[PDB]
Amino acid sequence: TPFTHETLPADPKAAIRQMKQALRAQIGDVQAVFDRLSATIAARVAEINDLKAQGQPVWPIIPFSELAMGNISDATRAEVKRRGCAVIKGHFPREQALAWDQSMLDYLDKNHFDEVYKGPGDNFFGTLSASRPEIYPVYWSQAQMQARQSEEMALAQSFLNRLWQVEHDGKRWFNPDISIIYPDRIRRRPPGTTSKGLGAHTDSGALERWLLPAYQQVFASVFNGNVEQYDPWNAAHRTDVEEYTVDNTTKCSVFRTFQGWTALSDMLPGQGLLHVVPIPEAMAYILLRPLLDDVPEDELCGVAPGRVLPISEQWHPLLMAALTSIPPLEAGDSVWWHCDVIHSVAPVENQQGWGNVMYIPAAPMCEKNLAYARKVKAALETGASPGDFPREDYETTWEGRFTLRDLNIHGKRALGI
């Protein structure tokens, strides 16, 4: 269309305007489609609420033993697809997790982190009420890389990728059985912590969801009214997207089937825990909401370039009605959500125990993810901040960092070597 942009429009408001007009036209009665969509989603909220009342976790719980032994049922596979998230209990033995956590402590301590730390290096969350989640951003601890290349991450990554339709056109969109090392940050909250949390948002692009041609491809069924034809699990064209780049701002130049993390400490109920909207199709609602006629013509319900896409009660009351907590967790567990899934971190006052996690996603091998992987390997040598992240570069100088010679067979392959 005349309406799309592959690079960041010089005039966002102008571009948003034209996209809206083009789209209202291509859909017909937007409000009728939104209502239909909402009835399906309202019905899911009924499911979710029902389960909550019973005493169930809403998150599919999948024991790592079954995963490891290939004995996951069809019903479970199905449930993870319905819910868009999964907990892997016992992903790692508690010992191993706790020992990792301790190595983290000493790695930070021995390189004098708390002294040196200047940031946040970034303002990715300016669109959120709770925009300050508790002190990050290191990449190359032995703990992290080990978990990343660990054989039992590989099992989980592969199992997860497998949930996506891969075949479609030109036989295969990515290889679901190798995943790249995507070095990410950590989340470290000590007992006593008080925090606003992280406000509900989705990752992997904001404005580009509407304006990028690849996303017009991905969400065709949405942007043409056949909302029910739309399949969250179809990899079609996801690997053709490339997010807009904004000076020194967090972006994600990689395709992630799931985001997740591995817990380094026990997570106790109410202690400012990860919540998710377990309805991966919600993205449809996010996409149609600004098209409705109570929203200003040049606006996308808070979306701004170089900022995470915000989800709020103001614009998305139904989706907010669906927020659900992770169950309580023991160290070594790990949690996963579909890349289009709305999520947040609840606030705590005076937190019991630690709230430590390592960020490790499933990002499957493909021409796109490999391009980034080639870049990662360069960073891993120097210890610099991976390109996708603010150039803080704290570890370039540190002792006890994971290095090139310490790689797995997995690791060498995940970085394509």
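Throughout, we count residues from 1 along the sequence that is shown.
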Averaging only over Cα atoms, indicate whether 343 to 351 or 125 to 133 has the higher B-factor in the PDB entry. 125 to 133
Of 358 to 366 and 387 to 395, which one has the bigger average CA B-factor? 387 to 395
In terms of CA temperature factor as recorded, identify the highest of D169, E208, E330, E281. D169
C-alpha B-factor winner, where the candidates are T249, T324, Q259, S265: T249
Third of the chain, ranked by Cα B-factor, where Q217 sits: middle
Of the three thirds of the chain ranked by Cα temperature factor, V335 occupies the lowest
Quick check on the deposited entry: does the C-alpha B-factor of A25 sit in the lowest, middle or highest third of its chain? highest
Assert third(CA B-factor, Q149) within chain per record equals lowest
Ranked against its chain, the third holding the CA B-factor of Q271: middle
